[PDB]
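Residue numbers (mature numbering (1 follows the signal peptide of the UniProt record, and there is no 0)): 6 to 183, 185 to 410. Here a beta-carbon is modelled for each residue, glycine too, at the ideal position from N, C-alpha and C. Notes for the one structure printed next.
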Ligand SMILES: [K+]
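This is the structure we're talking about:
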């Protein structure tokens, strides 16, 4: 098996909280920690960690004979594509710096940087629209037929998150004027909101998913005592993040939402893995190429795993699609019979690897889970999906109206 091609779909790195609203301040008596960068901006530490990942992959790709040990990679050998958010553009710059330092590798973004990128947001940009009847039904089925059903299984994790927050002493909890229950699910009833370009949950679910991610972010960023020192063992970490992981299982991994949102990415990956005459398609980037790096969001990876049926969990990582988490796709050729095979994987730093700023390397690698396409009918011994089967899964998952 000769390794021929590699498409890495990565999440951005450790970033500042995206939002810092007055609801977040009102659910806890304690002050939220400041960050070194503006909201939603990648932090230097996040870049370095992403850089480590860039360095490990370089080594590993050398080892597989895909890249050259010494000096910068050949022209066109590496391609970086990144969404317009600073965090994603910086994450692309950070990866390059680690994969091949001091080489001038361009990070290719959408020209108008203040517009969404259709390749990362085909719904918010007009390419296609979710169907309300089918998307709501399907989300409600996944919830177990109702949102009440869903949030009923969440009371344990809300109890733990209420504790970490010190919710009873919170400005909101005093709803309780001088007759109303303090309970977090009862103060913020969750509500499924589906439209043509967006599906969301308003209430404790959306906010629990956000604050647990902030906790997790504080951990990877090295900040002293995340959760105000109220998170103390991995059990508590896994119980909190259950809320984040669970709000992505429902919204992002529903296929009637995942197939649509992810079709431009499916079409990009598809075109980067197929042996084909050289082609400068999107972002001025010629495909196919050796290593293609795509810097996106947790939603892009969730959508891909829902549409492709790649279900995974990251031992040592409470966040299922953590900062810098990578869905790696590789085309290997079998020399015996000259056939193309596809292999998928989740590469990642464990939360302790982020909080120790551990330097990755061949001998200090990151977590890595090997995935298999549920639907693939043509596997090798290694459990790789044939290029034909993988192509056929993609064509079945993709939603043509949502292609760029
Ligand atoms: K406001």
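Straight-line Cα distance separating residue j from residue i
i: residue 314; j: residue 380; result: 8 Å
i: residue 316; j: residue 310; result: 8 Å
i: residue 345; j: residue 242; result: 47 Å
i: residue 269; j: residue 24; result: 28 Å
i: residue 226; j: residue 19; result: 7 Å
i: residue 40; j: residue 92; result: 14 Å
i: residue 340; j: residue 36; result: 57 Å
i: residue 38; j: residue 240; result: 21 Å
i: residue 330; j: residue 170; result: 27 Å
i: residue 192; j: residue 150; result: 20 Å
i: residue 116; j: residue 291; result: 13 Å
i: residue 199; j: residue 209; result: 11 Å
i: residue 406; j: residue 132; result: 10 Å
Chain C contact for residue i (CB, 8 Å cutoff)
i: residue 110; result: The structure shown contains no chain C, having only a single protein chain.
CA nearest to the CA of residue i, picked from the options
i: residue 371; options: 63, 15, 51 and 50; result: 63
i: residue 253; options: 212, 276 and 224; result: 212
i: residue 355; options: 20, 58 and 122; result: 58
i: residue 373; options: 271, 318, 395 and 123; result: 318
i: residue 348; options: 377, 157, 327 and 365; result: 377
i: residue 250; options: 189, 231, 218 and 280; result: 218
i: residue 367; options: 392, 209, 104 and 223; result: 104
i: residue 337; options: 391, 238, 230 and 274; result: 391
i: residue 362; options: 70, 224 and 352; result: 224
i: residue 232; options: 166, 174, 321 and 78; result: 166
i: residue 9; options: 393, 409 and 403; result: 393
i: residue 234; options: 244, 163 and 222; result: 222
i: residue 130; options: 122, 137 and 230; result: 122
Contacts around residue i, its chain only, beta-carbon distance under 6 Å, and the 5 residues preceding and following it disregarded
i: residue 276; result: 400
i: residue 99; result: 52, 55 and 56
i: residue 322; result: 356 and 373
i: residue 389; result: 378
Close Cβ partners of residue i (< 8 Å) along its chain, the five nearest in sequence each way excluded
i: residue 256; result: 144, 147, 148, 155 and 207
i: residue 271; result: 14, 124, 125, 300, 302, 306, 309 and 310
Same chain, Cβ closer than 7 Å to residue i, neighbours up to 5 away in sequence not counted
i: residue 28; result: 213
Exercise. Entirely within the segment 273-331 and at least 4 residues each: give me those alpha helix (DSSP H) ranges in chain order.
Key: 304-313
Practice problem: Would you mind listing the alpha helix (DSSP H) stretches within the segment 13-59 that are 4+ residues and don't spill past its ends, in chain order? | Solution: 27-31
Quiz item: What beta strand (DSSP E) runs, 3 residues minimum, are completely inside the segment 330-383?
Solution: 332-340, 345-354 and 373-377
Practice problem: Just list the alpha helix (DSSP H) runs in the segment 52-125, keeping only unbroken ones of 4 residues or longer that don't cross its boundaries, in chain order. | Solution: 91-104
Quiz item: What residue ranges within the segment 140-170 form continuous alpha helix (DSSP H) runs of no fewer than 4 residues, ordered along the chain?
Solution: 152-157 and 160-170
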